[PDB]
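J.:
Chains as they are written, first to last, in the entry's author numbering: chain B, 261 to 364; chain G, 13 to 141, 148 to 180, 191 to 861, 872 to 902, 908 to 1035; chain H, 53 to 56, 71 to 156; chain D, 105 to 156.
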């Protein structure tokens, strides 16, 4: 809610300008719109989730190219895999992490 | 007793007004008052609330006060800040509120008796407030709305008639003309996409029920309608209300009736207690399985419920089981300790598991508490590994089971011949949904199965039916001969762009598959297609090639099935030789070299390579797919119309192969072209006589070529399918062509005739003799080498060619004139806006497009000779995308064709001139009505990259000259600027 | 709406056809008279809960591409109605 | 009440708090047990949660 009013305060056009609610690990949307051209993010750290995993989320469109999931204590790089999924043919990407995810 | 009742005698009004609506309204009022629906008269908004207070006090057995009823109306029932989806959530989930009684207590408030349906109360009322309305109140709640139309009202126009407060509860938009009757939900789409969600009540033998009188007399019983509206309406989280088709509800009630009768007889663990459901594939069996599981959950005495499929369909559909939220779709994977923990854990009342996990649990553990408990089993997709052995463990290590089956694979008469059949595994055929009436109800499409008797060399061997020698003496030379494979390749490369509807450059197109029975055939085929496309491109440096891919691993490993299906390929990569394996690897390296992909052929990249190829074959970016044994059972392709077979098949594995085309896409795709190189039509007759009568195959497939040339009269319904040459003679004789039609009724009749003509045209487009007849319109006099080579391409002897020269087609310039006239009539009825009745053939107007490339190619070929009337030929061809008309003339009336040497030079000269004229006219668009240059240029380039324009893009005032704060803003000049710029972007869609 | 005659207090001009055009442009009419500057005149006036009904006004917004269903933050606690009036007015 | 656990419905506990809160004779010490309110989003959520 505060994010939508934050983005609404700064005199920005109504055109398609929005955020939807959910979690990228559970409700990854939007696939159909589109392969994006630039992304930034601040993923929170040590964000342990359901393991490892009970659904078929190995066999989704983005974690099957990796080879293994991101388990509970190492729950960081699921965000960067979800990031690199939604990317163009040319446009760069930039994310933040902490250097403790080193070899792990 | 049931919901879908079988034995029903029918009624007959004549009447009892033939035409009117209000008398039909009074009829159904009389009928529902006969059935026990109360007709009262409420006319105001507040008296609705008074009726609701009258009914809910009867329901909950409590007494409100006026302040208390007001507080209930405000706090829970009618908060005005809520939409339709909130109230749908309330009537499907949140049906209980909690209310403070003024003696300081808190008690429950129901809405619908979700467990005792007969305790509910029903009412019926009439219209208020552009149409006629009949509304059903369910405990005083408007849920079922029925409109009315005239008799001849089209079912498409039935939607085109689209505050107050309490009409935001409705769910079932029942619509009728008095002869047909359907019902909506969710008011989903516009009129373009309503027909997907148009259902019909019927009897359990799937024979349709359409008459509104008997529709009301059957489907609108109180015990019927309440059970439908409560039990069989799934609010899939979120936004969606999935409501079934009647055969699924019928199958579910047969299941539970057999369960209840088997427990009352205490006759468990037996095929008397068992039975099976055999519905055809494409009927949406997954939602029916979930409903059966949820109602087995809702049952009284049932301990554990299980649902078992083949691997690895399981976890995919397990996350597709999210109708309930959360649906307790638990797995161990592969935790027999976790599965017995889930046995020990309570209220995960559905458990999904494999046959292999169940067998591992039984052979590993034999002391479970479940062995003397009420257990329900449902199975699906039975292969032949543990088809009897796990069932022997089921017999051995259990006591109380109710085992049911969903399949498309009957076993009993001639399928397996050496196993325990379906009726002996399960029991009664509890309910079935055959493919036939599903085809009749537009869920899948028809068949045209033809063998290619084209080679008199191997004619005896193709027509050979000796299954022993076809099994054994199958080799690489008597059945895979290089001349034979070469002529197969030449046939399919000649007929590809015809059968994929790619006869025009701007056409849409479809992809195709080619499946065989042996790997060495495919290893011949890939190099064969590659080399023959190289030769075809080297013939004249003009031939467009086709990107052809293939995939397989290993193998026909076991028997795995009955007679006769595909033996499933396992995932061992290099189990075959590298003459097959590294051949595949080099093909994938060429695939990587063309498509820039990364998948190697290891144990990881091969499987996701298969998935990636499956995804990118779907989007019509792969022209042809050579297939050994994959893509035949679980793969779907909505954009695939034509299948090619060099293989011999059997009862219903062949049906699973034919299911890979027949799925509906639009009005262009009509039926699946099955082209076999070995004759298998008797096997098709075997499958359909297995699945129906002799009428069934004539319902399913097809009629012959001449039976569509001169048409036919259908032996069942007696319709006048007039015929191609028939309608040609009709439009020639009746209408003094081209544009001598000025009376509006004959305009409409000409539109109807031309639309029927193009419908029959698109039906005939998939026929080889019709393609040969159309291509006969490029005669040579004489040039006998080219004519005989053409006849050798189409395999035409001069005997038949005598009649083919005799039979005459209509003139193509006339057809250009007719299509231009139809486009003009459509544009004339595009303005404002007896004309709200006319059938439009929008889809084939959208088909058969020319994207200026064939136009400029003809203009470059337009020597040099003729120089003025070639502009007239281009203004003849100008239709479909005619709004880019005059500037194309301005490219050729201004410049010179002598200045342009070839095709590409005139093409990019046209691009340069179009960009120059577009910029120059955009300058005038700026100058005309005081347009702010940067803002308007930004807006128009945004619209051009967006390919259309809109009255959104709400910074458009920055383009606007002076001022629209003012309340006297009179579209000044907003509508004028907007119409000019939408005409401008229509003039420059994509170009520039 | 008033970049040019600017009015501190506004009217019930009623022209819906003109009203729907910012309801296509900004997607929301504030209201005729339920703006802040009009509401800033009648401060400390009993009662205060009309702001809830005020949140009914821009939340109409069904045409087109709503982006509404948002402003459910300001609930009521609050222990008496005069506490609510004095606190929200302050 | 421990015999009929998981039984629809659960809000009878509110009426249960009506019983010792009679207590007007003598020297009440009641008017106390208003802690267990209802949130809660559906009635079945309330039933399952309070029964657990």
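A virtual CB, placed ideally from N, CA and C, is assigned to each residue, including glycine.
1) Going along chain D in order, which residues have a C-beta closer than 8 Å to the C-beta of residue 342(G)?
2) Cα-Cα, which of 398(G), 306(G), 353(G) and 302(G) is closest to residue 452(G)?
3) Which residues in the same chain have their Cβ closer than 7 Å to the Cβ of residue 255(G), if we skip the five residues on either side of it in sequence?
4) Going by the DSSP bridge assignment, what does residue 408(G) pair with across the sheet?
5) Kindly give me the distance between the Cβ atoms of residue 343(B) and residue 330(B), rounded to whole angstroms, as I take these residues to be in contact under 8 Å.
6) Quick check on residue 867(G): does DSSP put it in helix, strand or coil?
7) Tell me whether residue 110(D), by its Cβ, gets closer than 6 Å to a heavy atom of the ligand FAD.
8) Who are the near neighbours of residue 819(G) in its chain, counting only those whose CB is closer than 8 Å to its CB and skipping five residues on each side?
9) Out of curiosity, what's the CA-to-CA distance linking residue 485(G) and residue 707(G)?
10) Take residue 98(H) as the anchor and find which of 135(H), 114(H), 136(H) and 84(H) has the nearest alpha-carbon.
11) With DSSP run on the structure shown, which of helix, strand or coil describes residue 757(G)?
12) Please report the straight-line C-alpha distance between residue 230(G) and residue 470(G), rounded to a whole angstrom.
13) In whole angstroms, what is the alpha-carbon distance linking residue 1030(G) and residue 790(G)?
14) Does DSSP put residue 251(G) in a helix, in a strand, or in coil?
15) Any beta carbon of chain G sitting closer than 7 Å to that of residue 139(D)?
16) With DSSP run on the structure shown, which of helix, strand or coil describes residue 457(G)?
17) When the Cα atoms are used, what is the spatial distance from residue 118(H) to residue 90(G)?
18) Given that a residue counts as buried once 16 or more other Cβ atoms are within 10 Å of its Cβ, and exposed if not, what is residue 286(G)?
19) One question on the structure: do residue 477(G) and residue 712(G) come within less than 7 Å of each other, judged by their Cβ atoms?
20) Looking at residue 1024(G): is its Cβ nearer than 7 Å to the Cβ of residue 992(G)?
21) I'd like the ranges of any beta strand (DSSP E) spanning at least 3 consecutive residues and lying wholly in the segment 322-381 of chain G.
22) What does DSSP give as the partner residues of residue 152(G) in its beta bridges?
23) Check the DSSP bridge columns for residue 35(G) and list the partner residues they point to.
24) How would you call residue 155(H), buried or exposed, if buried means at least 16 neighbouring beta carbons within 10 angstroms?
25) Between residue 98(G) and residue 104(G), what straight-line distance do the alpha-carbon atoms span, to the nearest angstrom?
26) So, with DSSP's three-state summary, where would you put residue 204(G)?
27) Is residue 120(G) helix, strand or coil by DSSP?
28) Would you mind working out which of 674(G), 600(G) and 877(G) sits nearest residue 516(G), comparing C-alpha positions?
29) Identify which residue in 919(G), 981(G) and 1034(G) has its Cα closest to the Cα of residue 950(G).
30) Mind checking which residues open and close the alpha helix (DSSP H) that includes residue 342(B)?
31) Residue 97(G) touches chain D at which residues, Cβ-Cβ below 9 Å?
32) Residues of the segment 116-148 of chain H in Cβ contact with chain B at a cutoff of 9 Å, in chain order, please.
33) Closer than 7 Å, Cβ to Cβ, to anything on chain G: give me those residues from the segment 312-344 of chain B, in chain order.
34) Which bits of chain H does residue 225(B) rub up against, with CB to CB less than 7 Å?
35) Within the chosen definition, does the segment 320-329 of chain B reach the segment 28-40 of chain G through at least 3 CB pairs nearer than 8 Å?
36) In this structure, how does DSSP classify residue 307(G) when only helix, strand and coil are distinguished?
T.: The structure says:
1) Working through the second chain from its first residue, we reach residue 342(G) at position 314. The contacting residues do not exist; residue 342(G) stays about 27 Å from chain D at best.
2) One-based indexing of the second chain puts residue 452(G) at position 424. The candidate whose alpha carbon is nearest that of residue 452(G) is 302(G).
3) In the second chain, counting from the first residue as 1, residue 255(G) sits at position 227. Hits under 7 Å: 15 and 129.
4) Counting from one through the second chain, the residue named residue 408(G) turns up at place 380. Residue 408(G) is bridged to 434(G).
5) Here residue 343(B) corresponds to residue number 83 of the first chain, with the count starting at 1. Here residue 330(B) corresponds to residue number 70 of the first chain, with the count starting at 1. Going by Cβ atoms, the distance from residue 343(B) to residue 330(B) rounds to 13 Å, so no, they are not a contact pair.
6) It's not possible to place residue 867(G) here, given that chain G moves directly from 861 to 872.
7) The ligand FAD is not part of the structure shown, which contains no ligands of any sort.
8) For the purposes of this step, residue 819(G) is identified with residue 791 of the second chain, where counting begins at 1. Cβ within range, chain order: 825, 826 and 829.
9) Against the second chain, residue 485(G) aligns to sequence position 457. Against the second chain, residue 707(G) aligns to sequence position 679. Going by the C-alpha atoms only, they are around 15 Å apart.
10) One-based indexing of the third chain puts residue 98(H) at position 32. When only C-alpha atoms are compared, the closest one is 84(H).
11) Residue mapping note: residue 757(G) aligns to position 729 of the second chain, counting from 1. It is helical.
12) Position 202 of the second chain holds residue 230(G). Position 442 of the second chain holds residue 470(G). Cα to Cα, the separation comes out at about 15 Å.
13) Translated into the one-based positions of the second chain, residue 1030(G) becomes position 987. Translated into the one-based positions of the second chain, residue 790(G) becomes position 762. Distance between the alpha carbons of residue 1030(G) and residue 790(G): 30 Å.
14) One-based indexing of the second chain puts residue 251(G) at position 223. Helix at residue 251(G).
15) Your numbering for residue 139(D) matches position 35 in the fourth chain. Taking Cβ atoms only, chain G never reaches closer than 7 Å to residue 139(D), which makes this a no.
16) Numbered from 1 along the second chain, position 429 holds the residue referred to as residue 457(G). In this structure, residue 457(G) counts as strand in the three-state DSSP scheme.
17) Counting from 1 along the third chain, the entry for residue 118(H) is found at position 52. Counting from 1 along the second chain, the entry for residue 90(G) is found at position 78. Taking the straight line from one Cα to the other gives about 15 Å.
18) Within the second chain, residue 286(G) is the residue found at index 258, counting from 1. Burial call: buried.
19) Reading the second chain from its first residue, position 449 is the one you call residue 477(G). Reading the second chain from its first residue, position 684 is the one you call residue 712(G). Cβ distance < 7 Å, so residue 477(G) and residue 712(G) count as in contact.
20) Stepping through the second chain from its first residue, residue 1024(G) is reached at position 981. Stepping through the second chain from its first residue, residue 992(G) is reached at position 949. A contact, by the Cβ cut-off of 7 Å.
21) 332-337
22) Position 134 of the second chain, counted from the start, is the residue given in the question as residue 152(G). Bridge partners of residue 152(G): 138(G) and 164(G).
23) Within the second chain, numbered from 1, the residue matching residue 35(G) stands at position 23. DSSP output for residue 35(G) lists no bridge partner at all.
24) In the third chain, the residue the question calls residue 155(H) occupies position 89. Residue 155(H) is exposed by the Cβ-count criterion.
25) On the second chain, residue 98(G) is found 86 positions in, with the first residue counted as 1. On the second chain, residue 104(G) is found 92 positions in, with the first residue counted as 1. Their Cα atoms are separated by approximately 10 Å.
26) By one-based count along the second chain, residue 204(G) stands at place 176. Strand, per DSSP.
27) Counting from 1 along the second chain, the entry for residue 120(G) is found at position 108. Residue 120(G) falls in the strand class under three-state DSSP.
28) The residue labelled residue 516(G) in the question sits at position 488 within the second chain. When only C-alpha atoms are compared, the closest one is 674(G).
29) The sequence position of residue 950(G) within the second chain is 907, counting from 1. When only C-alpha atoms are compared, the closest one is 1034(G).
30) By 1-based counting over the first chain, the position of residue 342(B) is 82. Run containing residue 342(B): 337-345, per the alpha helix (DSSP H) assignment.
31) As a working mapping, residue 97(G) is identified with position 85 in the second chain. Residues of chain D passing the Cβ test: none, with the nearest at roughly 16 Å.
32) 131, 133, 136, 137, 138 and 139
33) 314, 315, 316, 324, 325 and 327
34) With chain B running from 261 to 364 in the structure shown, residue 225(B) is simply not present.
35) no
36) One-based indexing of the second chain puts residue 307(G) at position 279. The answer is strand: DSSP assigns residue 307(G) an E or B state.
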